[PDB]
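K.L.:
Got a file for you: model.cif, mmCIF, C-alpha atoms.
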```cif
data_my_file
#
loop_
_atom_site.group_PDB
_atom_site.id
_atom_site.type_symbol
_atom_site.label_atom_id
_atom_site.label_comp_id
_atom_site.auth_asym_id
_atom_site.auth_seq_id
_atom_site.Cartn_x
_atom_site.Cartn_y
_atom_site.Cartn_z
ATOM 1 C CA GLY A 845 7.408 26.249 -2.296
ATOM 2 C CA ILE A 846 9.442 23.804 -4.380
ATOM 3 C CA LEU A 847 9.328 20.022 -4.084
ATOM 4 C CA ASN A 848 11.701 17.647 -2.328
ATOM 5 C CA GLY A 849 13.768 14.608 -3.208
ATOM 6 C CA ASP A 850 14.568 13.519 0.326
ATOM 7 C CA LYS A 851 11.793 10.909 0.348
ATOM 8 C CA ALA A 852 10.031 8.641 -2.121
ATOM 9 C CA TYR A 853 6.580 10.074 -1.410
ATOM 10 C CA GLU A 854 5.854 9.485 -5.102
ATOM 11 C CA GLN A 855 6.384 5.736 -4.557
ATOM 12 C CA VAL A 856 3.806 5.361 -1.778
ATOM 13 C CA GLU A 857 1.079 2.958 -2.879
ATOM 14 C CA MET A 858 -2.114 1.902 -1.114
ATOM 15 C CA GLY A 859 -5.138 -0.257 -1.812
ATOM 16 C CA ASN A 860 -8.520 1.106 -2.854
ATOM 17 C CA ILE A 861 -7.422 4.718 -2.328
ATOM 18 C CA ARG A 862 -8.366 6.667 -5.456
ATOM 19 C CA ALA A 863 -6.920 10.103 -4.673
ATOM 20 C CA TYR A 864 -3.171 10.525 -4.308
ATOM 21 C CA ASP A 865 -3.493 13.167 -1.587
ATOM 22 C CA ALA A 866 -5.770 10.837 0.394
ATOM 23 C CA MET A 867 -2.748 8.588 0.996
ATOM 24 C CA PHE A 868 -1.272 10.978 3.569
ATOM 25 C CA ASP A 869 -2.300 11.952 7.104
ATOM 26 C CA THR A 870 -1.701 15.606 7.997
ATOM 27 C CA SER A 871 -3.662 15.479 11.253
ATOM 28 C CA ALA A 872 -0.702 15.116 13.608
ATOM 29 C CA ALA A 873 1.209 17.899 11.839
ATOM 30 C CA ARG A 874 0.555 21.409 13.145
ATOM 31 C CA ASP A 875 2.743 22.670 10.287
ATOM 32 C CA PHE A 876 1.001 21.401 7.160
ATOM 33 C CA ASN A 877 -2.471 21.450 5.689
ATOM 34 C CA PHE A 878 -5.060 19.765 3.466
ATOM 35 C CA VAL A 879 -4.614 22.181 0.575
ATOM 36 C CA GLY A 880 -0.876 21.826 1.102
ATOM 37 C CA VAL A 881 -0.956 18.168 0.094
ATOM 38 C CA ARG A 882 -3.304 18.807 -2.818
ATOM 39 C CA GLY A 883 -1.196 21.744 -3.963
ATOM 40 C CA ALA A 884 1.944 19.636 -3.638
ATOM 41 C CA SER A 885 0.402 16.755 -5.579
ATOM 42 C CA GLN A 886 -0.402 19.148 -8.417
ATOM 43 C CA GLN A 887 3.266 20.123 -8.483
ATOM 44 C CA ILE A 888 4.232 16.441 -8.295
ATOM 45 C CA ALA A 889 2.087 15.653 -11.333
ATOM 46 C CA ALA A 890 3.323 18.690 -13.280
ATOM 47 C CA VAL A 891 6.866 17.304 -13.022
ATOM 48 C CA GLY A 892 5.806 14.295 -15.068
ATOM 49 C CA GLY A 893 3.788 16.427 -17.464
ATOM 50 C CA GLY B 845 -7.409 -26.252 2.259
ATOM 51 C CA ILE B 846 -9.756 -24.078 0.203
ATOM 52 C CA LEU B 847 -9.636 -20.291 -0.013
ATOM 53 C CA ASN B 848 -11.743 -17.685 1.755
ATOM 54 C CA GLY B 849 -13.949 -14.766 0.807
ATOM 55 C CA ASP B 850 -14.223 -13.221 4.249
ATOM 56 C CA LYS B 851 -11.502 -10.657 3.518
ATOM 57 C CA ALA B 852 -10.150 -8.746 0.542
ATOM 58 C CA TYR B 853 -6.618 -10.107 0.910
ATOM 59 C CA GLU B 854 -6.457 -10.009 -2.893
ATOM 60 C CA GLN B 855 -6.936 -6.216 -2.766
ATOM 61 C CA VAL B 856 -3.977 -5.508 -0.474
ATOM 62 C CA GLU B 857 -1.468 -3.294 -2.272
ATOM 63 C CA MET B 858 1.942 -2.050 -1.154
ATOM 64 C CA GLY B 859 4.807 -0.028 -2.569
ATOM 65 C CA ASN B 860 8.009 -1.548 -3.919
ATOM 66 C CA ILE B 861 7.037 -5.051 -2.771
ATOM 67 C CA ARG B 862 7.523 -7.398 -5.726
ATOM 68 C CA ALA B 863 6.245 -10.689 -4.298
ATOM 69 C CA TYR B 864 2.596 -11.023 -3.326
ATOM 70 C CA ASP B 865 3.346 -13.294 -0.365
ATOM 71 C CA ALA B 866 5.869 -10.750 0.936
ATOM 72 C CA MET B 867 2.949 -8.413 1.685
ATOM 73 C CA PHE B 868 1.897 -10.435 4.738
ATOM 74 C CA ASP B 869 3.450 -10.953 8.175
ATOM 75 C CA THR B 870 3.027 -14.454 9.613
ATOM 76 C CA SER B 871 5.450 -13.926 12.496
ATOM 77 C CA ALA B 872 2.871 -13.232 15.199
ATOM 78 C CA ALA B 873 0.745 -16.202 14.111
ATOM 79 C CA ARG B 874 1.621 -19.520 15.748
ATOM 80 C CA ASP B 875 -0.956 -21.118 13.436
ATOM 81 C CA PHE B 876 0.288 -20.282 9.946
ATOM 82 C CA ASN B 877 3.502 -20.555 7.993
ATOM 83 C CA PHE B 878 5.714 -19.197 5.209
ATOM 84 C CA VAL B 879 4.866 -21.962 2.754
ATOM 85 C CA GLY B 880 1.245 -21.507 3.783
ATOM 86 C CA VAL B 881 1.137 -18.010 2.309
ATOM 87 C CA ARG B 882 3.031 -19.044 -0.813
ATOM 88 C CA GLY B 883 0.805 -22.084 -1.241
ATOM 89 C CA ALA B 884 -2.272 -19.922 -0.727
ATOM 90 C CA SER B 885 -1.065 -17.331 -3.233
ATOM 91 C CA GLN B 886 -0.670 -20.080 -5.825
ATOM 92 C CA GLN B 887 -4.297 -21.019 -5.216
ATOM 93 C CA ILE B 888 -5.260 -17.335 -5.365
ATOM 94 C CA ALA B 889 -3.600 -16.968 -8.765
ATOM 95 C CA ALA B 890 -5.083 -20.219 -10.096
ATOM 96 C CA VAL B 891 -8.561 -18.777 -9.494
ATOM 97 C CA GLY B 892 -7.847 -16.069 -12.048
ATOM 98 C CA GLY B 893 -6.189 -18.512 -14.421
#
```
Rewrite the coordinates I just gave you, this time as structure tokens.

P.N.:
Amino acid sequence: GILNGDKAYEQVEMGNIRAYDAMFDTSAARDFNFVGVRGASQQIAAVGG
Amino acid sequence: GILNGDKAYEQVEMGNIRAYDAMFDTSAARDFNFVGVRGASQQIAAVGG
């Protein structure tokens, strides 16, 4: 659904990682997905235009 | 002494950290220091001018 403001996931920065979604590890989560992060990151970008 | 090329310590990137030397933890090392990292980072910068 809609995004969150609980965390600064938009402030996470990493070296040499080119894709934003590749900064996050969903493997331990049985709840969330790989298209979930990519779909979220498209909603994150759309906030900024 | 002189710098190294064994590692990409110049490619380490972190969020919200303003000082380059503050990216590194010397606490576990009994060999190295806090002015050692700052002195190194001044030699790292001087390479680029």

K.L.:
Under the PyMOL selection byres ((chain A and resi 882-889) around 9), which residues of this model are included? Write them out as a PyMOL selection string.

P.N.:
chain A and resi 845-847+854+864-866+877-881+890-893

K.L.:
Define the interface residues of chain B facing chain A as those within 9 Å, counting only C-alpha atoms, and report them as a count of residues only.

P.N.:
6

K.L.:
Can you report as JSON the centre and edge lengths in Å, to one decimal, of an axis-aligned box around the listed atoms of range 847-864 of chain B padded with 6 Å on each side?

P.N.:
```
{"center_x": -3.1, "center_y": -10.2, "center_z": -0.7, "size_x": 34.2, "size_y": 32.3, "size_z": 22.0}
```

K.L.:
Go ahead and align chain A to chain B (same sequence, so just pair every C-alpha in order, least squares) and export the moved chain as a PDB file with C-alpha atoms, in the frame of the given file.

P.N.:
```pdb
ATOM      1  CA  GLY A 845      -7.410 -26.252   2.260  1.00  0.00           C
ATOM      2  CA  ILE A 846      -9.755 -24.078   0.203  1.00  0.00           C
ATOM      3  CA  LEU A 847      -9.636 -20.291  -0.013  1.00  0.00           C
ATOM      4  CA  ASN A 848     -11.744 -17.686   1.755  1.00  0.00           C
ATOM      5  CA  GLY A 849     -13.949 -14.766   0.807  1.00  0.00           C
ATOM      6  CA  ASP A 850     -14.224 -13.221   4.249  1.00  0.00           C
ATOM      7  CA  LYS A 851     -11.502 -10.657   3.519  1.00  0.00           C
ATOM      8  CA  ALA A 852     -10.150  -8.745   0.542  1.00  0.00           C
ATOM      9  CA  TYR A 853      -6.618 -10.107   0.910  1.00  0.00           C
ATOM     10  CA  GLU A 854      -6.456 -10.008  -2.894  1.00  0.00           C
ATOM     11  CA  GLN A 855      -6.936  -6.215  -2.766  1.00  0.00           C
ATOM     12  CA  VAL A 856      -3.976  -5.509  -0.475  1.00  0.00           C
ATOM     13  CA  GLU A 857      -1.468  -3.295  -2.272  1.00  0.00           C
ATOM     14  CA  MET A 858       1.942  -2.050  -1.154  1.00  0.00           C
ATOM     15  CA  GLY A 859       4.807  -0.029  -2.569  1.00  0.00           C
ATOM     16  CA  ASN A 860       8.009  -1.548  -3.918  1.00  0.00           C
ATOM     17  CA  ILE A 861       7.037  -5.051  -2.771  1.00  0.00           C
ATOM     18  CA  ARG A 862       7.523  -7.397  -5.726  1.00  0.00           C
ATOM     19  CA  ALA A 863       6.244 -10.689  -4.298  1.00  0.00           C
ATOM     20  CA  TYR A 864       2.596 -11.024  -3.326  1.00  0.00           C
ATOM     21  CA  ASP A 865       3.346 -13.294  -0.365  1.00  0.00           C
ATOM     22  CA  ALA A 866       5.870 -10.749   0.936  1.00  0.00           C
ATOM     23  CA  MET A 867       2.949  -8.412   1.685  1.00  0.00           C
ATOM     24  CA  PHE A 868       1.897 -10.435   4.737  1.00  0.00           C
ATOM     25  CA  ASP A 869       3.450 -10.952   8.175  1.00  0.00           C
ATOM     26  CA  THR A 870       3.027 -14.454   9.613  1.00  0.00           C
ATOM     27  CA  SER A 871       5.450 -13.925  12.496  1.00  0.00           C
ATOM     28  CA  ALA A 872       2.871 -13.232  15.199  1.00  0.00           C
ATOM     29  CA  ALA A 873       0.745 -16.202  14.111  1.00  0.00           C
ATOM     30  CA  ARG A 874       1.621 -19.519  15.748  1.00  0.00           C
ATOM     31  CA  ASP A 875      -0.956 -21.119  13.436  1.00  0.00           C
ATOM     32  CA  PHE A 876       0.288 -20.282   9.946  1.00  0.00           C
ATOM     33  CA  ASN A 877       3.502 -20.555   7.993  1.00  0.00           C
ATOM     34  CA  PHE A 878       5.714 -19.197   5.209  1.00  0.00           C
ATOM     35  CA  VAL A 879       4.866 -21.963   2.755  1.00  0.00           C
ATOM     36  CA  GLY A 880       1.245 -21.506   3.783  1.00  0.00           C
ATOM     37  CA  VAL A 881       1.137 -18.011   2.309  1.00  0.00           C
ATOM     38  CA  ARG A 882       3.031 -19.044  -0.813  1.00  0.00           C
ATOM     39  CA  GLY A 883       0.805 -22.084  -1.241  1.00  0.00           C
ATOM     40  CA  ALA A 884      -2.272 -19.922  -0.727  1.00  0.00           C
ATOM     41  CA  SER A 885      -1.065 -17.331  -3.233  1.00  0.00           C
ATOM     42  CA  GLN A 886      -0.670 -20.079  -5.825  1.00  0.00           C
ATOM     43  CA  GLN A 887      -4.297 -21.019  -5.216  1.00  0.00           C
ATOM     44  CA  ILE A 888      -5.260 -17.335  -5.365  1.00  0.00           C
ATOM     45  CA  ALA A 889      -3.600 -16.967  -8.765  1.00  0.00           C
ATOM     46  CA  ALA A 890      -5.083 -20.219 -10.096  1.00  0.00           C
ATOM     47  CA  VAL A 891      -8.561 -18.777  -9.494  1.00  0.00           C
ATOM     48  CA  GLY A 892      -7.848 -16.069 -12.048  1.00  0.00           C
ATOM     49  CA  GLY A 893      -6.189 -18.513 -14.421  1.00  0.00           C
TER      50      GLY A 893
END
```

K.L.:
Tell me, in Å to one decimal, how far CA of residue 876 in chain B is from CA of residue 852 in chain B.

P.N.:
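Taking CA of residue 876 in chain B as the start and CA of residue 852 in chain B as the end point, the length is 18.2 Å.
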
K.L.:
Provide the CA of residue 868 in chain A to CA of residue 849 in chain A distance in Å, to one decimal place.

P.N.:
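Computed distance, CA of residue 868 in chain A to CA of residue 849 in chain A, equals 16.9 Å.
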
K.L.:
What is the CA of residue 851 in chain A-CA of residue 867 in chain A distance in Å, reported with one decimal?

P.N.:
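Separating CA of residue 851 in chain A from CA of residue 867 in chain A is a distance of 14.7 Å.
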